[PDB]
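**Student:** Input: one structure, supplied below.
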Amino acid sequence: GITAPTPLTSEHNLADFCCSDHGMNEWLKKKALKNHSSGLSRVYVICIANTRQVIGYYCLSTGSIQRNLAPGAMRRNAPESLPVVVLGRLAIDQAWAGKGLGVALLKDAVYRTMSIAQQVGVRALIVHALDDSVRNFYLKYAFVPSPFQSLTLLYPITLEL
Amino acid sequence: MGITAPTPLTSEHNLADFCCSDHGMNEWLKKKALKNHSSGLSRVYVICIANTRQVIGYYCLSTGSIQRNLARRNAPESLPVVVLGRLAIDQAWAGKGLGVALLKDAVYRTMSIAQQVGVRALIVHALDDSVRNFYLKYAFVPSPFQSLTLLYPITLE
Amino acid sequence: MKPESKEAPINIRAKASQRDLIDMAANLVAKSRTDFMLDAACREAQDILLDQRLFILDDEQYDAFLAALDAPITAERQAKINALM
Amino acid sequence: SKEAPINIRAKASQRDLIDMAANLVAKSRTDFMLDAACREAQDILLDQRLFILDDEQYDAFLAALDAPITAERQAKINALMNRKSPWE
Amino acid sequence: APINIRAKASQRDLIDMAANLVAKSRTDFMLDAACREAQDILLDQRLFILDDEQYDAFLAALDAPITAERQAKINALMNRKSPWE
Amino acid sequence: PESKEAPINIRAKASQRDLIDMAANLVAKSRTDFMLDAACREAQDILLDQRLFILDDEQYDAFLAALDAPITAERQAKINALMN
């Protein structure tokens, strides 16, 4: 039925989308297209058979993890960064749940990150889980908890330069 | 040896050369102008060397509202207004008259809008006392609510 | 702008589901809860009052407002606009 | 979750600003500002991209990436990548 | 004119790292940032909440007849013929 | 809650704090907290420069391609094939 996720555009009817979490609900309604077009995060969608009413989206923006140049009084730390990718929001229409759709996005999310991690040097797919319902879903699909903060899980990516 | 009409900002236009006198409005073009104009917050316009995408000057418009406090009577009452955010001309092209030249375009485009929707004044914030003199010189009048805010009232019927 | 302001109170009943979430974010941006919830409410207040939906009563007024805004003010559209006033 | 009030010492201008907004969207002052706070709060935590960590923490992160994949982890990667998406 | 700020460490260490990546002192950077934000706050200011005395003064500004003084300025603006024109 | 607080002292001019106070006052902040938010959000933005890791306009093309391209059984198994 549904077809591959693709970047958001003004054309996708985003109006009739209810996902049970108003923050993620209002975000597509309000901040998704203006955000995605101004280039901060990049947002992907999936649609009914050939309908462009939208049933599931996810946004993923670049990000960076850094060694404090001064853990105290400007000590032996040199500028050291690491490219990485945040998966901000994954949300699916409250009435297409159960139909196995959330994993399907998460899987496309991972392939994409792996696709870019070849060209650019990104290293993990971070995500921030606020529910225990959400956190236990990400853990179930291989996201390890992060050592540096508790809300944040990540799916490390390791390959060759 | 020529200059082009203002036209909305495009990913192509070289903004890296342009260096007007104010550091603020150099950073704003090269750092926030396409981030803003592409996200339909403001709307940026640029004039280039005859045939380049070298930007020499730019301005930005954006909708604004002026509203009646709820705290004579208090019933909700808004007037739409357009705000001339930034106008700025490359130092090397200063004194050639492009400053006015853009402000005239702004007003023209703003009275054009004000025929569509009910826009009721163009509005600018003169920070510099030289800025204020420029806008006073070209028919803006000091607002009665902020000192640094000037109005070009546009009451088309 | 130039002058300083004179306060007024807002007390509101807060669940803890929310009050812990608002307080986490508040600490992540090194604000206080009041400060957080205040700049959160005004940023949204502002963006509600600034809806172009509050003067553009159509999807067709919306095409005229997008069109005239982006059209170049050429010698003709200076005559038009001047000859329409 | 229990109901212990939050006192806000707002400036009178901002309190004015929130009320007119509220009125546009049929919400009480309380229900507007607390919805708004809630909403931005979650975005603030959900869209966080810069992590400046200390040494014990950045190594503890480098550790996490230099790891052999444990038997459980590989078996979850398996579950993810075997599921055939309905567009596939 | 002294500006003395009592910051956090989760804050100054963030400030110090970007400073050391643009070749600027920590001083010359918090100012260049605060100036540039102070400016663009002030310049890109679109919502005005006026009380009844000021709103009506705004109204009176719109209903006001155009003085010969102000009209001649308009003419000066309108007659100038931009170099793309 | 409120973490360990240690200072930063600066000198400035009137051409600055007059401006920096107008904004600080307009948005109902203190000059102290105005400049902290001001700096910290400019630091966050350049520490997040994509140039810091994208590193040229050869990789900038190939990045937005991996970005917006779709993930078919064709692409999936072939990025699966380079992973392997």
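By convention here, the chains of the structure tokens are called A, B, ... in the order presented, each chain's residues are numbered starting at 1, and ligands are numbered starting at 1 in the order presented.
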With a cut-off of 6 Å and counting only C-alpha atoms, select all residues of chain F in contact with chain C and give the selection as a ChimeraX atom specification.
**Tutor:** /F:22,25-26
**Student:** Mind dumping a table of every chain B residue within 6 Å of chain E, with the nearest atom pair and its distance in Å to one decimal, using only C-alpha atoms, sorted by chain and rising number, as CSV?
**Tutor:**
```
residue,atom,partner,partner_atom,distance
B:3,CA,E:84,CA,5.9
B:4,CA,E:84,CA,5.4
B:5,CA,E:84,CA,5.4
B:24,CA,E:36,CA,5.6
B:64,CA,E:46,CA,4.4
B:65,CA,E:47,CA,5.3
B:66,CA,E:48,CA,4.7
B:67,CA,E:49,CA,5.0
B:68,CA,E:50,CA,5.6
B:69,CA,E:51,CA,5.0
B:72,CA,E:52,CA,5.7
B:85,CA,E:44,CA,5.3
B:101,CA,E:82,CA,4.9
B:125,CA,E:43,CA,5.8
B:138,CA,E:73,CA,5.4
B:139,CA,E:73,CA,5.2
B:145,CA,E:54,CA,5.8
B:153,CA,E:62,CA,5.7
```
**Student:** Atoms to include: N, CA and C atoms. Write the selected residues as a CSV table (one decimal), in the first residue's frame.
**Tutor:**
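Contents of result_24.csv, as written:
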```
chain,number,residue,atom,x,y,z
B,3,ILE,N,23.3,48.1,-12.5
B,3,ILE,CA,22.7,47.6,-11.3
B,3,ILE,C,21.3,47.1,-11.6
B,4,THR,N,20.9,46.0,-11.0
B,4,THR,CA,19.7,45.3,-11.3
B,4,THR,C,18.6,45.6,-10.4
B,5,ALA,N,17.4,45.3,-10.8
B,5,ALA,CA,16.2,45.6,-10.0
B,5,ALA,C,16.3,44.7,-8.7
B,24,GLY,N,26.6,44.4,11.9
B,24,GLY,CA,25.4,43.7,12.1
B,24,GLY,C,24.7,43.2,10.8
B,64,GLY,N,3.7,42.8,10.3
B,64,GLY,CA,3.7,43.1,11.7
B,64,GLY,C,2.2,43.5,12.1
B,65,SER,N,2.0,43.6,13.4
B,65,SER,CA,0.6,44.0,13.8
B,65,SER,C,0.8,45.1,14.9
B,66,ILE,N,-0.2,46.0,15.0
B,66,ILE,CA,-0.2,46.9,16.1
B,66,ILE,C,-1.6,46.8,16.7
B,67,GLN,N,-1.6,46.5,18.0
B,67,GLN,CA,-2.8,46.0,18.7
B,67,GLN,C,-3.3,46.8,19.9
B,68,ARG,N,-4.5,46.7,20.2
B,68,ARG,CA,-5.2,47.4,21.2
B,68,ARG,C,-5.2,46.6,22.5
B,69,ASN,N,-4.4,47.0,23.5
B,69,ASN,CA,-4.3,46.4,24.8
B,69,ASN,C,-5.7,46.1,25.3
B,72,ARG,N,-9.9,53.7,24.9
B,72,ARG,CA,-11.0,53.7,25.9
B,72,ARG,C,-11.5,52.2,26.2
B,85,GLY,N,12.6,45.8,8.1
B,85,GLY,CA,13.7,45.4,9.0
B,85,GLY,C,15.0,46.0,8.7
B,101,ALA,N,17.1,54.5,-3.3
B,101,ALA,CA,16.6,53.7,-4.4
B,101,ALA,C,15.8,52.5,-3.9
B,125,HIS,N,12.8,51.1,12.5
B,125,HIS,CA,13.4,51.3,13.7
B,125,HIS,C,14.8,52.0,13.4
B,138,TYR,N,12.7,61.1,4.1
B,138,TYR,CA,12.0,60.5,3.1
B,138,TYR,C,10.6,60.1,3.5
B,139,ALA,N,10.0,61.0,4.2
B,139,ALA,CA,8.6,61.1,4.6
B,139,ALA,C,8.1,60.2,5.8
B,145,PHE,N,4.5,55.9,19.9
B,145,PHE,CA,4.6,54.9,20.9
B,145,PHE,C,6.1,54.6,21.2
B,153,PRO,N,2.9,56.2,7.0
B,153,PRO,CA,1.4,55.8,7.0
B,153,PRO,C,1.0,55.7,5.5
```
**Student:** Using only C-alpha atoms, find which residues of chain A lie within 9 Å of chain B and jot them down as a ChimeraX atom specification.
**Tutor:** /A:33-40
**Student:** Determine which residues of chain D receive a DSSP assignment of alpha helix (DSSP H), computed from the backbone, and state them as a tab-separated table (two decimals) with C-alpha atoms, in the first residue's frame.
**Tutor:**
```
chain	number	residue	atom	x	y	z
D	12	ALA	CA	2.56	43.48	33.50
D	13	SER	CA	3.29	43.91	29.77
D	14	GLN	CA	3.97	40.21	29.21
D	15	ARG	CA	0.95	39.21	31.25
D	16	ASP	CA	-1.03	41.51	28.96
D	17	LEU	CA	0.64	39.86	25.95
D	18	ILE	CA	-0.31	36.33	27.00
D	19	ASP	CA	-3.97	37.19	27.66
D	20	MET	CA	-4.78	38.60	24.24
D	21	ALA	CA	-3.08	35.56	22.73
D	22	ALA	CA	-5.03	33.18	24.97
D	23	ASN	CA	-8.29	34.84	23.93
D	24	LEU	CA	-7.54	34.07	20.30
D	29	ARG	CA	-4.25	32.13	31.06
D	30	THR	CA	-3.28	29.01	33.04
D	31	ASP	CA	-4.16	26.55	30.27
D	32	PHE	CA	-2.40	28.61	27.58
D	33	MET	CA	0.91	29.23	29.33
D	34	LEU	CA	1.20	25.70	30.66
D	35	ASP	CA	0.38	24.17	27.31
D	36	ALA	CA	2.92	26.48	25.66
D	37	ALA	CA	5.63	25.81	28.25
D	38	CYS	CA	5.02	22.06	28.03
D	39	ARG	CA	5.26	22.14	24.26
D	40	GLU	CA	8.51	24.12	23.94
D	41	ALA	CA	10.00	22.17	26.87
D	42	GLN	CA	9.58	18.92	24.96
D	43	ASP	CA	11.00	20.41	21.73
D	44	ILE	CA	13.97	21.78	23.69
D	45	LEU	CA	14.78	18.26	24.92
D	46	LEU	CA	13.82	16.51	21.68
D	55	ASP	CA	36.66	13.52	29.78
D	56	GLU	CA	35.23	10.68	31.86
D	57	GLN	CA	32.04	11.16	29.83
D	58	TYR	CA	33.51	11.58	26.35
D	59	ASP	CA	35.70	8.47	26.76
D	60	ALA	CA	32.69	6.65	28.23
D	61	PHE	CA	31.09	7.66	24.93
D	62	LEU	CA	34.06	6.63	22.78
D	63	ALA	CA	33.86	3.37	24.71
D	64	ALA	CA	30.26	2.99	23.63
D	65	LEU	CA	31.24	3.26	19.97
D	71	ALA	CA	24.62	-11.13	21.38
D	72	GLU	CA	21.46	-9.32	22.46
D	73	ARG	CA	22.30	-6.13	20.49
D	74	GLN	CA	23.01	-7.97	17.24
D	75	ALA	CA	19.78	-9.92	17.77
D	76	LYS	CA	17.83	-6.64	17.92
D	77	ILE	CA	19.56	-5.22	14.83
D	78	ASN	CA	18.35	-8.49	13.30
D	79	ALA	CA	14.74	-7.79	14.31
D	80	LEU	CA	14.89	-4.27	12.85
D	81	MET	CA	16.44	-5.17	9.50
D	82	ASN	CA	14.39	-8.36	8.89
```
**Student:** Provide as a PyMOL selection string the residues of chain A at most 10 Å from chain F, counting only C-alpha atoms.
**Tutor:** chain A and resi 3-8+42-44+60+62-66+81-84+107-109+111-122+157-160
**Student:** Per residue of chain B within 9 Å of chain D, what are the shortest atom pair and its distance in Å to one decimal, counting only C-alpha atoms, with rows by chain and residue number, as a Markdown table?
**Tutor:**
```
| residue | atom | partner | partner_atom | distance |
| --- | --- | --- | --- | --- |
| B:69 | CA | D:16 | CA | 7.2 |
| B:70 | CA | D:20 | CA | 6.7 |
| B:71 | CA | D:16 | CA | 6.7 |
| B:76 | CA | D:20 | CA | 7.8 |
```
**Student:** With chain B as the partner and 10 Å as the cut-off, tabulate the residues of chain C that qualify, each row holding the nearest pair of atoms and their distance in Å to one decimal, using only C-alpha atoms, sorted by chain and rising number, as CSV.
**Tutor:**
```
residue,atom,partner,partner_atom,distance
C:1,CA,B:146,CA,8.0
C:2,CA,B:146,CA,9.0
C:46,CA,B:65,CA,9.9
C:49,CA,B:65,CA,7.6
C:50,CA,B:65,CA,6.4
C:51,CA,B:63,CA,9.0
C:52,CA,B:63,CA,7.5
C:54,CA,B:80,CA,8.4
C:55,CA,B:117,CA,6.3
C:56,CA,B:117,CA,6.3
C:57,CA,B:117,CA,8.7
C:61,CA,B:116,CA,6.6
C:62,CA,B:116,CA,8.7
C:63,CA,B:116,CA,9.4
C:64,CA,B:116,CA,6.2
C:65,CA,B:116,CA,5.8
C:66,CA,B:113,CA,8.7
C:67,CA,B:113,CA,8.9
C:68,CA,B:113,CA,6.0
C:69,CA,B:113,CA,6.0
C:70,CA,B:8,CA,6.9
C:71,CA,B:7,CA,8.3
C:72,CA,B:7,CA,6.7
C:73,CA,B:109,CA,6.3
C:74,CA,B:5,CA,8.4
C:77,CA,B:112,CA,8.3
C:78,CA,B:108,CA,6.8
C:80,CA,B:112,CA,9.0
C:81,CA,B:112,CA,6.1
C:82,CA,B:108,CA,8.6
C:84,CA,B:156,CA,8.8
C:85,CA,B:156,CA,6.1
```
**Student:** Could you write out as a list in words the residues of chain D within 8 Å of chain F, counting only C-alpha atoms?
**Tutor:**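 Only these qualify: residues 11, 50 and 88 of chain D.
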**Student:** Given the selection you just returned, output its residues as a file containing N, CA, C and O atoms, formatted as a CSV table (one decimal), in the first residue's frame.
**Tutor:**
```
chain,number,residue,atom,x,y,z
D,11,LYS,N,6.1,40.5,34.4
D,11,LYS,CA,5.9,41.9,34.2
D,11,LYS,C,4.5,42.1,33.6
D,11,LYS,O,4.0,41.3,32.9
D,50,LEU,N,23.8,19.6,20.5
D,50,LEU,CA,25.1,19.9,21.0
D,50,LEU,C,25.3,19.3,22.4
D,50,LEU,O,24.6,19.7,23.3
D,88,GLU,N,7.9,-2.0,0.5
D,88,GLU,CA,9.1,-2.7,0.3
D,88,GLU,C,8.8,-4.0,-0.3
D,88,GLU,O,9.7,-4.6,-1.0
```
**Student:** Tell me which protein, DNA and RNA residues are within 7 Å of region 14-16 of chain C, counting only C-alpha atoms, leaving out same-chain ones fewer than 5 positions away, and put them as a PyMOL selection string.
**Tutor:** chain D and resi 1-6
**Student:** So that I can see what lies close to region 145-156 of chain A, please list as a list in words the residues with an atom at most 9 Å from it, counting only C-alpha atoms and leaving out residues fewer than 5 positions away in the same chain.
**Tutor:**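 Near neighbours after the sequence-gap exclusion: residues 86, 110, 123, 124, 125, 126, 127, 128, 129, 130, 135, 138 and 139 of chain A; 45, 51, 53, 54, 57, 58, 60, 61, 64, 65 and 66 of chain D.
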**Student:** Produce a file of the selected residues containing N, CA, C and O atoms, as a CSV table (one decimal), in the first residue's frame.
**Tutor:**
```csv
chain,number,residue,atom,x,y,z
A,86,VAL,N,20.9,13.3,15.1
A,86,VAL,CA,19.8,13.2,16.1
A,86,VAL,C,18.5,12.8,15.4
A,86,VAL,O,18.2,13.5,14.4
A,110,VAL,N,17.6,4.5,10.0
A,110,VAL,CA,18.9,3.9,10.2
A,110,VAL,C,19.7,3.8,8.9
A,110,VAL,O,20.9,4.1,8.8
A,123,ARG,N,28.7,9.0,13.3
A,123,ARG,CA,29.1,7.9,14.2
A,123,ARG,C,28.0,7.3,14.9
A,123,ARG,O,28.2,6.1,15.3
A,124,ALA,N,26.9,7.9,15.2
A,124,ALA,CA,25.8,7.3,15.9
A,124,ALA,C,24.5,8.0,15.5
A,124,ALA,O,24.5,9.1,14.9
A,125,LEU,N,23.4,7.3,15.7
A,125,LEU,CA,22.1,8.0,15.5
A,125,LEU,C,21.6,8.2,16.9
A,125,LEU,O,21.0,7.3,17.6
A,126,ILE,N,21.7,9.4,17.4
A,126,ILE,CA,21.2,9.7,18.7
A,126,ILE,C,19.7,9.8,18.6
A,126,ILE,O,19.1,10.0,17.6
A,127,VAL,N,19.0,9.8,19.8
A,127,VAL,CA,17.6,10.1,19.9
A,127,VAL,C,17.4,10.3,21.4
A,127,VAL,O,18.1,9.8,22.3
A,128,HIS,N,16.4,11.1,21.7
A,128,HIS,CA,16.0,11.5,23.1
A,128,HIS,C,14.7,11.0,23.4
A,128,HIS,O,13.7,11.4,22.8
A,129,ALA,N,14.6,10.1,24.4
A,129,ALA,CA,13.4,9.4,24.7
A,129,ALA,C,12.8,9.9,26.1
A,129,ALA,O,13.5,9.8,27.1
A,130,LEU,N,11.6,10.4,26.0
A,130,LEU,CA,11.0,11.1,27.2
A,130,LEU,C,10.0,10.2,27.9
A,130,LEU,O,9.9,10.2,29.1
A,135,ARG,N,11.2,5.1,25.2
A,135,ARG,CA,12.6,4.7,25.5
A,135,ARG,C,12.7,3.2,25.4
A,135,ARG,O,13.6,2.7,24.7
A,138,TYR,N,12.9,2.3,21.7
A,138,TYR,CA,14.2,2.5,21.1
A,138,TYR,C,15.2,1.4,21.6
A,138,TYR,O,16.1,1.0,20.8
A,139,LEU,N,15.1,1.0,22.8
A,139,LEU,CA,16.0,0.0,23.4
A,139,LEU,C,15.8,-1.3,22.7
A,139,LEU,O,16.7,-2.1,22.5
D,45,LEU,N,14.1,19.5,24.6
D,45,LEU,CA,14.8,18.3,24.9
D,45,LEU,C,14.8,17.3,23.7
D,45,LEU,O,15.7,16.5,23.6
D,51,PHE,N,26.3,18.4,22.5
D,51,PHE,CA,26.6,17.8,23.8
D,51,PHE,C,28.1,18.1,24.0
D,51,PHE,O,28.9,17.5,23.4
D,53,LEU,N,30.7,17.4,26.6
D,53,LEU,CA,30.9,16.5,27.7
D,53,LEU,C,32.3,16.6,28.2
D,53,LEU,O,33.2,17.2,27.6
D,54,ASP,N,32.6,16.0,29.4
D,54,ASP,CA,33.9,16.1,30.0
D,54,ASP,C,34.6,14.8,29.6
D,54,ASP,O,34.1,13.9,28.9
D,57,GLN,N,33.3,11.4,30.6
D,57,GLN,CA,32.0,11.2,29.8
D,57,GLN,C,32.3,11.0,28.3
D,57,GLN,O,31.6,10.2,27.7
D,58,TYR,N,33.3,11.7,27.8
D,58,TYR,CA,33.5,11.6,26.3
D,58,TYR,C,34.2,10.3,26.0
D,58,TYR,O,33.9,9.6,25.0
D,60,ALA,N,33.8,7.6,28.0
D,60,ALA,CA,32.7,6.7,28.2
D,60,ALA,C,31.8,6.6,27.0
D,60,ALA,O,31.0,5.6,26.8
D,61,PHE,N,31.8,7.7,26.2
D,61,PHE,CA,31.1,7.7,24.9
D,61,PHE,C,31.9,6.9,23.9
D,61,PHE,O,31.4,6.0,23.2
D,64,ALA,N,31.5,3.5,24.2
D,64,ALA,CA,30.3,3.0,23.6
D,64,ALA,C,30.3,2.7,22.1
D,64,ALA,O,29.7,1.8,21.6
D,65,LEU,N,31.1,3.5,21.4
D,65,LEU,CA,31.2,3.3,20.0
D,65,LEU,C,32.3,2.2,19.6
D,65,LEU,O,32.1,1.5,18.6
D,66,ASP,N,33.3,2.1,20.5
D,66,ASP,CA,34.3,1.0,20.3
D,66,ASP,C,33.8,-0.1,21.2
D,66,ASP,O,34.2,-0.4,22.3
```
